[PDB]
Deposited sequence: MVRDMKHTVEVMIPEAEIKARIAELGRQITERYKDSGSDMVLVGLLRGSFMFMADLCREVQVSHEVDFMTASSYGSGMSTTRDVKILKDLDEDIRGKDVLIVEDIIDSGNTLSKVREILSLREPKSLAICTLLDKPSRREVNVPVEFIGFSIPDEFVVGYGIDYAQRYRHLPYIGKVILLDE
């Protein structure tokens, strides 16, 4: 229905944040004597992943996984990882954590493959809607309960290509 997108987080603010995020992930896994892999969750994480891994100055791998989401459904794997994660630095890259329902199950599935380390990096965070206690090691921004778009996040499959995070305001 009739809406309007207003700039919430400018392109410059995201670039600086990701710069620091990558400048937080680097010294974490700087001396780990094991291979590293970033796992992005399709579909709306491709832009976050692309910008983050370019700031991660650690020789790693980049993989993807498309999972269905809990919401109360079962978390199914539509597209699994290509490479293996057993004994590897796995860093789950998510665009937004509101409920934590989906991500909790994703982490549980990957944990079955027994990686050396398993962490989560998210760009946006809605603690306002948190339903499941799930540990997040890296958070870009903690945001209000606003329906956001841009930077991978969609609204009716739209606005994914926006270089900034915007809020949706229904014309009423």
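Residues of the deposited sequence with no modelled C-alpha atom fall in the ranges 1-4, 76-80, 182.
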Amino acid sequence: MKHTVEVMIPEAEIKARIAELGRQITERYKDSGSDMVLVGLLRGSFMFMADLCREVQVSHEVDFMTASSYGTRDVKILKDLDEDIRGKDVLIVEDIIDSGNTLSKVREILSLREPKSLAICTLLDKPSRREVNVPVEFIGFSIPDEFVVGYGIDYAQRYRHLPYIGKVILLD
From here on, numbers count along this sequence of modelled residues.
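The term rigid core refers to the most C-alpha atoms you can superpose between the two forms while keeping them within 1.5 Å.
Each structure in 5 other deposited structures of this protein is fitted to the shown form on the rigid core, and of 37-45 and 61-69 the C-alphas lie farther away on average for 61-69. Once the C-alpha B-factors are averaged per stretch, 27-35 and 121-129 rank with 27-35 first. Higher average CA B factor: 130-138, of the stretches 45-53 and 130-138. In the deposited entry, the Cα temperature factor of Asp84 places it in the highest third of its chain's modelled residues. Per-chain ranking of the deposited C-alpha B factor places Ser111 in the middle third. In this PDB entry, the Cα temperature factor of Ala156 sits in the top third of its chain's modelled residues, the highest group. Looking at the C-alpha B-factors along this chain, the one for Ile96 belongs to the highest third.
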